[PDB]
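Participant: 3D model of this:
(4 chains, ligands or ions: 1)
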Amino acid sequence: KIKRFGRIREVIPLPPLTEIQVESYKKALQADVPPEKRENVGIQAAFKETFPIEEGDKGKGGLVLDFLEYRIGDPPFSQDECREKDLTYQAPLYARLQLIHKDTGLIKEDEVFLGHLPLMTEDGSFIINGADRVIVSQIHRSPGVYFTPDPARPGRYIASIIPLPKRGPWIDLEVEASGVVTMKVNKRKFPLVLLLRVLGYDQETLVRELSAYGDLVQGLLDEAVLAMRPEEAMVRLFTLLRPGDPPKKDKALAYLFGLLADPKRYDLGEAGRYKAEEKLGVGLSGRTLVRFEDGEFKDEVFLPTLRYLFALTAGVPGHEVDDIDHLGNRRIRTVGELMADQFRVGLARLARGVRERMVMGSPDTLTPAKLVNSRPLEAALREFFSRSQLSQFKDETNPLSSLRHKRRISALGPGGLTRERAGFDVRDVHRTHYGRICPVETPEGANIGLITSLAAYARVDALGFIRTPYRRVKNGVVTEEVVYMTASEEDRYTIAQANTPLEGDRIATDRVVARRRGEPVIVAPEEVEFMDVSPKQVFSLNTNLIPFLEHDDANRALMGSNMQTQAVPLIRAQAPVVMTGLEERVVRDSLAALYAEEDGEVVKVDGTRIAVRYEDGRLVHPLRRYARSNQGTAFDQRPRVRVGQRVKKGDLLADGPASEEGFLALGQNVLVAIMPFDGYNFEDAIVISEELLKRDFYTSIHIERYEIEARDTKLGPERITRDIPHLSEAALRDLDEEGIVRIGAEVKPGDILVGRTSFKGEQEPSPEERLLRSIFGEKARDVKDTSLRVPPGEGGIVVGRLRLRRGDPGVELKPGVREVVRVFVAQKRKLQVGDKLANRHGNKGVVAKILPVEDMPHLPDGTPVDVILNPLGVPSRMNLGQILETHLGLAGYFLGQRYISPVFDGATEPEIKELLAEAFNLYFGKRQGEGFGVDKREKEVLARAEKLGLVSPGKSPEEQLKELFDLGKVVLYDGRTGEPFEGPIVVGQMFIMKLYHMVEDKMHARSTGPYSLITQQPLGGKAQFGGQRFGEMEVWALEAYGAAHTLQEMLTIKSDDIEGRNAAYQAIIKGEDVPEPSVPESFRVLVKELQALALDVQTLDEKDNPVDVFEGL
Amino acid sequence: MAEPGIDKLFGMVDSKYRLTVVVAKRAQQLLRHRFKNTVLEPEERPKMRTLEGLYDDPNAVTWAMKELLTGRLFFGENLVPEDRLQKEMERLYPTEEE
Amino acid sequence: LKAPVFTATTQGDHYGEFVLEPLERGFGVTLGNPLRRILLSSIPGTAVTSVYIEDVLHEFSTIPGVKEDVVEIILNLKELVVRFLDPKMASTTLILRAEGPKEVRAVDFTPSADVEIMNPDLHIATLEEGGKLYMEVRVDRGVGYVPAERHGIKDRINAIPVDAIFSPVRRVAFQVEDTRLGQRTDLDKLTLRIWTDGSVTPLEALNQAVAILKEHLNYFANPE
Amino acid sequence: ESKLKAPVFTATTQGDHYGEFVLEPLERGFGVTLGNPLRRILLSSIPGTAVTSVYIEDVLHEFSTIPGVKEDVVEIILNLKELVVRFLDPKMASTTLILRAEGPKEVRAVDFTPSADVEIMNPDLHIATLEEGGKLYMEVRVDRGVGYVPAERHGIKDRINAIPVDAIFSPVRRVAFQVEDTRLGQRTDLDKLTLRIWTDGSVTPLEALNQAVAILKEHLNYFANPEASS
Ligand SMILES: CO[C@H]1/C=C/O[C@@]2(C)Oc3c(C)c(O)c4c(O)c(c(/C=N/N5CCN(C)CC5)c(O)c4c3C2=O)NC(=O)/C(C)=C\C=C\[C@H](C)[C@H](O)[C@@H](C)[C@@H](O)[C@@H](C)[C@H](OC(C)=O)[C@@H]1C
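Facilitator: Residues are numbered from 1 along each chain as shown, chains lettered A, B, ... in the order given. Below, you will see the structure:
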């Protein structure tokens, strides 16, 4: 019983969502295609790109070496086998080269063993060194040229972007006050007529033939001295490039910055010609400037823009087009692209090495595999993958999360001029980009805009670049839009009339303005490409997950959009009552759950593996059980069906960590009743009814991991033993079998999680001791009890252990580090006082109290409510639709129904009312069933609600109930007082998820414990644990106050002042006396720290000449 | 509401920090060493409440604020010798335990 | 007047609307609630205290050959309601062995002594192709709600102690209708129902209840 | 070491009223379970003695003013309401009260026809002031009641001319109670009832409570012998 609400849906959200990646790497890692086809980008590009290593003297003798195929292949171990042994799931990539000569010879070392390449799991990410990571896609200005208004003072400039940050120079031509036209390639500033001269243009042939309608020229001529002779020119320019190299005429170097598609080419033809040609005059060719034609250089783009500049400086073509942020200039470097360039980088070093060898060595002693030293593609490539800031940890608290992590567009990346946390033009940028093909309400905090998500239906098709959404054009198809799409306007979804949508007023979007209704009403070829396949496309994948966004105010809606992520799989996930269609997917493209293959059948046996789907061959399916999450969430997989076929409205076949059977179920939906509660729901705190716990509802499991490394220090090998000195207490083997704790070994804080022994020789015991030792058989010792022990964290049953030691296979371990024990501990975490409950509409609040079913608002029939979500502020303050759900709540409680009310499409107040008309003729239908009806209380109420003009007076009591039910909710007693709550109190089944916080993890408490021997303030220890911070703000607080003593205490008797400190842990342990300081441990060390620099800090008393007696001990 | 009549104390002293200071040293010489410097022992002594009944509270400042709202005590440049200010404490059994 | 009509439409171990009659305009709840209160709270019951399974170290497991999952298994048993047929038993320990294919629904427990698996069916474990389950699962007599505090020692090894939910009362409400002749349409018509129960009977809940409230009421005896 | 299964009931016996009481350790969920019904019942069900119908020779209804009398019907009317009578032997359904008014002097609730078996608990009580026109004659009625009752009982008595006042019979006249948590028993979430019965409509506080404690007790009984259906 699932009631849908809606309209149209011409296509699909576009699988697999994890397509930004996945289908990205592959098309970059072309590999999987017979070495005959596939031509550019990534893998091969970088290959072909990296020009065949030339050598000494431009083709004078032997040694050329060209590249042929590439071979990814025979992978090392195996996923899981990696994460286990900390192996970076890679694969051998060798490449077939063949150096040429000039004395007969064409050697070809097959394969030529080479660097390793990390593969992308089916999931769409990589395992690096054991842990899971995802390559977040950044955005920069799409290669080209756009000019832009000179920020200084009115007077535009010219910027010339390059293919990708790490490739080609980012030039800028600026018309200035003092100087006139500066060409600033990389780090330089040289007159612009200078390069022009070389290129050819110059006095008269240049100006008075280029620049006329807008002077600005007398200055472009001042150094005509430069514009008097090319060649000598390159040299003056060359001589303008540090350091003092040979002014000798070269052409080389400038054999780049234009010449050879080697360090300056947006190749193919796309993204560069199209740009300028449709910005500048028109016409061009692959790369700026063109040399090696025959001596001189035939430039393409340089003066025409200088031209198009002045035209923008008093002319008409104007267009101050800047980093216009128009996603017609916002490139999106997919992983493969990011991973590509890094592969480019590697070769930008492989070669250096080869060129180096080509020389030294002898022509015949030289052959591939020898000039090649497969070290650069490693490092330069492994360094990127797991050492970038764009190569993050896997967010995996709830299945949606990790999914979302790929659908993410980053911007705080490494790219060139890539807005740093506060890069030049932070704010302003953030702003919603009218180009709505990227989430409109996803950002977080203090990091606004920069980190956006991605439109659901966004991007797909021959991808040169930028997101492009979907748009109808009269049933046709969808024509993958194009950010700089003008297609005579688009008409916002709705007005549907089967196929002709008779409107008269088509609410449509054209360019920017929400222009009324162009009304092209062309029916066929829909007003250009008007219409939008569903509204979802104006939104991000996890926002969609809001059954009533339409009402939810954008802003607050983001506190749900985001927050939702911070979920955390529970034991009884349950999809959400009201829910928007998408859920049937987000947890299926997440590959978090198991998907049957061809047809049906089964066999199984049940448990730790759905045993095959008996159609054709056979494949027992292992079910990732009580694993472990990056966030320590603990995602697992439940199964389904004994003997069946392929599907039933879903070929699920075993759930996952949050699917209510293929239905993303982040949290559990329960019954709430709005209304303050004697103060337990203040500000935003929620009130739980113990019941929840009793029925193990919001309970969540978490399995932590611990780690002790057995070093080797020059005092005696650090070893994991069960014979820990004097620890003898029946603890060791009371658990810890043969060294490490056992499984199921329930653990408390303090136990010997894992124990090992160091040698550390602090002192040599003189006799007397060895004597007593000998005498009182005090067998000497050479070992410390350095164990592992479970920290202040309550501990919990020991879910599993793992052991890794060198000598073992793949295992690569920190020099010296011999063996590295690992132990996972589980923790069923029910629900406590603290924790954020936060739902979908962003009603994030922390739990305050959990009342006994005793108290708590009694519904009439006696059922208790579940959560007492406060109204105050909350909705009014935040204005949202967390209500339309609570209303369609009971109207889905008694009617036993789940509901599909998608974003901006259906589930209308009146329909809900109908759905509320029903459920009553039963909810109340029961009273006149069990044999009851309206009691002296509901009489009191109604006769007060109607007074509050809430109910239609004149109707009967009973009639007033249905009235007061298709909105609020029946009287609603108070099991605590026995009486009622004058004035109805709306009730319903919201749906509150439970975020990753849950108190426990927060809250420590120090009194003394561990003192640090490096700094000297409270912290780092082993026994108990604590430490707290006193960041200046609190200092002012005290200053502003007057707790001088209370202050000097937090910089003395409580941290560094060893004397005073002790005076504290003693003056108390003693009794009737409190901490008596005097000389501050700090003042005493300021003088004897300045004296080191040979400064006398004579301390003087009142009379100036009573000269202190400090440190006089 | 607050303490044993703060407003009352803030009246006596002039500089709000005075009272703070006097009440401080006070308790810090009261049950800080001795215990027999009370002025509330006639029948107006601070007592608590737990399982077996009352029991004056170890909180020294407590008495002070109450022993100060009383009548005894003084403060200024009086008693001069801080030395003989505690030396006289010898004339009447002090010391603690270790 | 001076006397009510303690009507009592009973049932078969559950339900149990219990009507008083012409109650003075007001007492409908003076009595009507405290009972429902008590009924829900304090009152003896029977709850699963601890459970040991064949080849299972501790919770967070996965018995080969069974569909379910020990947690689930324990999440289900958490609902088993046993009757005791006697009064001397701090508790007993149920048993259960199950072969190859089938469902270990509640019933399947060891038919034994003063113990009524009041709630058969109660899907306990859809095991199959690998009949393997032997379980020893305690069942103490408790009161109220007592979680992972009351250790499930017993089998001192893999007890994997389970949460306890003792109250046999499964829900309670009470109409205060007005439909009597007594003296001037005023009076309340109390009528609590002490709905569903674990093992015990509403008339017993309703009774035991009136007891505690009378027992406490007393306390306002001798003042100091 | 003190609390267990035997809470300490602590009174305050302010005397004629304000019976601040304090039974203590109670399992979370009884400071309510008890405090309320008592408080509830306290405000109601409890024998009384409240003027309920008045007659003052001369002007009919209540909306008036009798010359040579500083007050006006209502003021007197209301005064009367604060009158505290008490009856001697059991067989006194209600003996009326009549009055004698003199010159300027005050008409305390004492002047009342000093009838035995019915002594006005409260001597003073303004009642009304009269001067150079010492008329004011009244023969007010009194009654035995349960709680509180408006102008619906009708002041029969003196047939016509009654301006029947409201039936405020219940010695208790305000009942509050807050159950804070205390942790004598180690556990820190135990209940601490505490009541405070303001009564003076005649009967003492502790009396009210106990009496009501009985009132509830007895009713509980009812849940004894049943007549069910299968
Ligand atoms: C190697 O990557 C690093 C580069 C740093 O350098 C630097 C300058 O470049 C960054 C880039 C390129 C980002 O894209 C980024 C980011 O996307 C993000 C946060 C931080 N956001 N959180 C602040 C705290 N709050 C409670 C939640 C939101 C960031 O600070 C950064 C960030 C940087 O600081 N997040 C979000 O947008 C949101 C909304 C959610 C993300 C989910 C979880 C939280 C993450 O997955 C966690 C688990 C980790 O991935 C990070 C710690 C990465 O560290 C590692 C080792 O993995 C870090 C990105």
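
Participant: from here on, contacts and neighbour counts on C-alpha atoms
Facilitator: OK.

Participant: Pull the contacting residues for residue 43.
Facilitator: Just going to use chain A. Residues counted as contacts of residue A:43 (C-alpha atoms under 8 Å, 6 or more residues apart in numbering or on different chains) are A:28, A:29, A:30, A:31, A:340, A:343.

Participant: look at chain C instead
Facilitator: Taking C-alpha under 8 Å, 6+ apart as the contact definition, residue C:43 lies against C:143, C:144, C:167, C:168, C:205, C:208, C:209.

Participant: can you pick the most crowded of those?
Facilitator: residue C:168 (29 neighbours; other C-alpha atoms under 10 Å in any protein chain shown).

Participant: That one contacts residue C:195, doesn't it?
Facilitator: No - taking C-alpha atoms under 8 Å as the contact criterion, residue C:168 and residue C:195 are not neighbours in contact, 10.2 Å apart.

Participant: Distance to residue A:247 and secondary structure added to the contacts of residue C:43, as a markdown table?
Facilitator: Rendered in a markdown table, the data for the contacts of residue C:43 read as follows (distance: C-alpha to C-alpha, whole Å; DSSP: H, G, I helix; E, B strand; the rest coil):
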| residue | distance to residue A:247 | secondary structure |
| --- | --- | --- |
| C:143 | 97 | strand |
| C:144 | 94 | coil |
| C:167 | 97 | coil |
| C:168 | 99 | coil |
| C:205 | 105 | helix |
| C:208 | 108 | helix |
| C:209 | 106 | helix |
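
Participant: Any chance of these in CSV with distance to the ligand as columns?
Facilitator: Rendered in CSV, the data for the contacts of residue C:43 read as follows (distance: C-alpha to the nearest ligand atom, whole Å):
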residue, distance to the ligand
C:143, 42
C:144, 39
C:167, 41
C:168, 44
C:205, 50
C:208, 52
C:209, 50
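
Participant: what's the closest of these to residue A:567?
Facilitator: Distance to residue A:567, by C-alpha to C-alpha, is smallest for residue C:144 among the contacts of residue C:43, at 31.1 Å.

Participant: List the residues that contact the closest one.
Facilitator: Residues touching residue C:144, when contacts are defined by C-alpha under 8 Å, 6+ apart, comprise C:41, C:42, C:43, C:44, C:45, C:165, C:166, C:167.

Participant: Excluding residues flanking it in the chain, which one is nearest the second one?
Facilitator: Computed as C-alpha to C-alpha, 6 or more residues apart in numbering or on different chains, the closest residue to residue C:42 that is not its neighbour in sequence is residue C:144, at 5.8 Å.

Participant: got it, and the fifth one?
Facilitator: Excluding its sequence neighbours, the residue lying closest to residue C:45 (C-alpha to C-alpha, 6+ apart) is residue C:166, at 4.5 Å.

Participant: can you pull out the strands in the stretch 651-800 of chain A?
Facilitator: When secondary structure is read from DSSP state E, counting those that start in this stretch, the stretch 651-800 of chain A shows strands at A:671-673, A:686-689, A:704-710, A:800-802.

Participant: Let me know which of those strands is tucked in deepest.
Facilitator: By mean neighbour count, with neighbours taken as mean count of other C-alpha atoms under 10 Å in any protein chain shown, strand A:686-689 ranks first of those at a mean of 24.

Participant: on that earlier part again, are any of the contacts of residue A:43 buried, and which?
Facilitator: Burial by neighbour count, 16 or more other C-alpha atoms under 10 Å in any protein chain shown: within these this picks out A:28, A:29, A:30, A:31, A:340, A:343.

Participant: The closest residue to the third one other than its chain neighbours in helix, strand or coil?
Facilitator: Residue nearest to residue A:30 in three dimensions, not counting chain neighbours: residue A:38, with 6.8 Å by C-alpha to C-alpha, 6+ apart. For residue A:38, the secondary-structure state derived from DSSP: H, G, I helix; E, B strand; the rest coil is coil.

Participant: so residue A:38 makes contact with residue A:28?
Facilitator: No - applying C-alpha under 8 Å as the test, residue A:38 and residue A:28 come out as separate, 9.6 Å apart.

Participant: and residue A:622, bridged to which residues?
Facilitator: On the basis of DSSP bridges, residue A:622 is bridged to residue A:609.

Participant: Could you double-check that it sits in contact with residue A:607?
Facilitator: No - taking contact to mean C-alpha under 8 Å, the distance of 9.2 Å between residue A:622 and residue A:607 leaves them out of contact.

Participant: Where do the domain boundaries of chain C fall?
Facilitator: If the domains of chain C are taken from curated CATH domains, they occupy C:1-44+C:167-220, C:45-166, with pieces of a single domain joined by a plus sign.

Participant: With distance to residue A:317 as new columns, can the ones you listed be given to me in TSV?
Facilitator: Output for the domains of chain C, formatted as TSV (distance: least, C-alpha to C-alpha, whole Å):
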stretch	distance to residue A:317
domain C:1-44+C:167-220	79
domain C:45-166	71
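
Participant: that older thread, could you check the distance from the residue nearest to residue C:42 over to chain D?
Facilitator: Relative to chain D, residue C:144 is positioned 11 Å away (C-alpha to the nearest C-alpha, to the nearest Å).

Participant: swap in residue A:413?
Facilitator: Distance from residue A:413 to chain D, counting by C-alpha to the nearest C-alpha: 52 Å.

Participant: so who does the residue nearest to that residue when sequence neighbours are not counted touch?
Facilitator: In space, residue A:413 comes closest to residue A:390 once its chain neighbours are excluded; the distance is 5.8 Å by C-alpha to C-alpha, 6+ apart. Contact partners of residue A:390, counting by C-alpha under 8 Å, 6+ apart, are A:135, A:136, A:137, A:138, A:410, A:413, A:414.

Participant: Name the residues that touch stretch A:212-231?
Facilitator: Contacts of stretch A:212-231 from elsewhere in the structure, counted by C-alpha under 8 Å, 6+ apart, are A:175, A:179-181, A:191-194, A:196-200, A:202-203, A:207, A:211, A:233, A:249, A:251, A:310-311, A:313-315.

Participant: Buried only: go through those residues for me.
Facilitator: When neighbours are counted using 16+ other C-alpha under 10 Å, the contacts of stretch A:212-231 contain these buried positions: A:175, A:180-181, A:191-194, A:196-200, A:202-203, A:207, A:211, A:233, A:251, A:310-311, A:313.

Participant: Keep only those of those residues that are in helices.
Facilitator: Under the assignment DSSP state H, the buried ones among the contacts of stretch A:212-231 contribute A:192, A:193, A:194, A:196, A:197, A:198, A:199, A:233, A:310 to helices.

Participant: now for those, which pair is the farthest apart?
Facilitator: Longest distance between any two of those is 24.8 Å, between A:233 and A:310; criterion C-alpha to C-alpha.

Participant: coming back round to it: tell me the one among the ones in helices among the buried ones among the contacts of stretch A:212-231 nearest to residue A:45.
Facilitator: Among these, residue A:199 lies closest to residue A:45 (C-alpha to C-alpha), at 29.0 Å.

Participant: I'd say the closest one and residue A:296 touch.
Facilitator: Yes - Residue A:199 is within contact range of residue A:296, at 7.2 Å (criterion: C-alpha under 8 Å).

Participant: Residues of chain A that sit close to chain B?
Facilitator: Applying C-alpha under 8 Å from any C-alpha of the partner chain, we find that chain A lies next to chain B at A:1042, A:1070, A:1071, A:1072, A:1073, A:1074.
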